[PDB]
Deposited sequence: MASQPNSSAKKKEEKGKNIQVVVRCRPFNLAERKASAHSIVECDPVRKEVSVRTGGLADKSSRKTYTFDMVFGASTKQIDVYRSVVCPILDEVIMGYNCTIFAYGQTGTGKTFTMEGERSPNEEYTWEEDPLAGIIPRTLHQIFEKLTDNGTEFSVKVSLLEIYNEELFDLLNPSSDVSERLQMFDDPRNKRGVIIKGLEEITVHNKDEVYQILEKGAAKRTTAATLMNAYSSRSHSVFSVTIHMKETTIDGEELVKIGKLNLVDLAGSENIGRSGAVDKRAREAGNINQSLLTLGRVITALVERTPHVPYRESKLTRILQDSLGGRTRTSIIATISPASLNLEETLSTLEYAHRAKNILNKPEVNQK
């Protein structure tokens, strides 16, 4: 029912003790509280479904948040996970992850691997000896300036925008004409698909201003089981400093959440590509979770509070 919201604070980064700044964030995992030093000894505290402190490692996030959700997907449910927060707090780090330096590990064992890679690898492990018969297909579409880009098409230039239509076989669904859905036959072909995505994104960046920060990345994985059909959408949202208290999809997401939370009969899903595509994840029939990433630096006070207030109110959304 209620959408689950969790907070994840990134740890300090070298140049983060330079420009004068102290950790104004205190996370308490057992009490599921995040406390912020707002004083200029005053503070604001918020309780979430889960709170992960700066020391939280990727494996901890997967085990605690992802595994449970993946089991749901394998059961035939639709699930979505959002990463929301200002640029620089770890949205991509959490959803995608990074490669450890000096080629110390292969992708499947990289402790810095994020949610997407771990999920893909685990699907094959969990569905290997049990019942059996299943197929996995992934797609990675990114939204920038209300235009859709396919980061997985090999036979197309990343700059070819995609067009979406309402799904005549739906009502709340849309069709993304030309979207590449790649079949992942086995764990051994997962990484190359990610590298391909990584490459096309690099190209998109040279073409579009502040691309990686303003873009909304939607990595979807659909599992056909033999029956049952489960879909997991992993969404790395545009930086929240892109709104506040330009980016039509971000603005609309916030308005959609506001409408859902106040119980207003009209929810503006159609006012943006992002909300039309993810309509069923917002007060729909999909199980939704939001991971609000924040910074410990006193310099990010304002954005951190904004993010916490935004995510906190989101816990009042009911999906089904």
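Visitor: When the deposited sequence is counted from residue 1, which ranges lack any model?
Guide: Those parts of the chain that were deposited but carry no coordinates are 1-16, 57-60, 247-255, 275-287, 363-368.
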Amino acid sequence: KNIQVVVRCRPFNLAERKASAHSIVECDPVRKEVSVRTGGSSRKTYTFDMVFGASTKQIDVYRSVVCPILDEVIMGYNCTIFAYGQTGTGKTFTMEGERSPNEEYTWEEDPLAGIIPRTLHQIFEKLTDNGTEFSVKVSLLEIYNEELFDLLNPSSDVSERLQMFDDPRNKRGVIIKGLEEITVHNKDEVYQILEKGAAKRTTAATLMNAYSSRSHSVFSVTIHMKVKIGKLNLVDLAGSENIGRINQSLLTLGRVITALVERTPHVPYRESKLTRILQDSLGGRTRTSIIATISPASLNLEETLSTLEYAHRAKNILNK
From here on, numbers count along this sequence of modelled residues.
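Definition used throughout: the rigid core is the maximal C-alpha set that superposes within 1.5 Å between two forms.
Visitor: So if we fit everything on the core, which stretch drifts more in 7 other deposited structures of this protein, 124-132 or 138-146, C-alphas only?
Guide: It is 124-132 that deviates more in 7 other deposited structures of this protein.
Visitor: Between 290-298 and 253-261, where do the CA atoms move more in 7 other deposited structures of this protein, taking the root mean square over the structures and residues after a core fit?
Guide: The answer is 253-261, which departs more from the shown form in 7 other deposited structures of this protein.
Visitor: Taking only the other compared entries that model residues on either side of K231, decide whether it is unmodelled in at least a third of them.
Guide: It is not, since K231 is included in all of the other entries that model both flanking stretches.
Visitor: Taking the other PDB entries of this protein that cover both neighbours, check whether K177 lacks coordinates in at least a third of them.
Guide: In all of the other entries, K177 has coordinates.
Visitor: Output the stretch having the higher mean C-alpha B factor in the entry; the candidates are 267-275 and 61-69.
Guide: Taking the mean B-factor of the alpha carbons in each, 61-69 is higher.
Visitor: Out of 203-211 and 153-161, which stretch has the higher average CA B-factor listed in the record?
Guide: Higher of the two, by average CA B-factor, is 153-161.
Visitor: Would you mind checking which of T56, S35, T38, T258 has the top Cα temperature factor in the PDB entry?
Guide: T38 has the highest C-alpha B-factor of those listed.
Visitor: Sorting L120, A83, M225, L112 by Cα temperature factor from the record, which one lands on top?
Guide: Of the options given, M225 has the highest CA B-factor in the PDB entry.
Visitor: Comparing against every modelled residue in the chain, figure out the third that the C-alpha B-factor of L305 lands in (lowest, middle or highest).
Guide: Bottom third by C-alpha B-factor.
Visitor: Based on the deposited C-alpha B factors for this chain, I'd like to know if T132 is in the lowest, middle or highest third.
Guide: It falls in the top third of the chain.
Visitor: By its CA B factor, does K231 count among the lowest, middle or highest third of the modelled residues in the chain?
Guide: Answer is middle: the recorded C-alpha B-factor places it there.
Visitor: Compare the C-alpha B factor of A297 with those of the other modelled residues in its chain, then answer lowest, middle or highest third.
Guide: Answer is middle: the recorded C-alpha B-factor places it there.
Visitor: Grab the CA temperature factor for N186 from the record and place it in the lowest, middle or highest third of its chain.
Guide: Answer is highest: the recorded C-alpha B-factor places it there.
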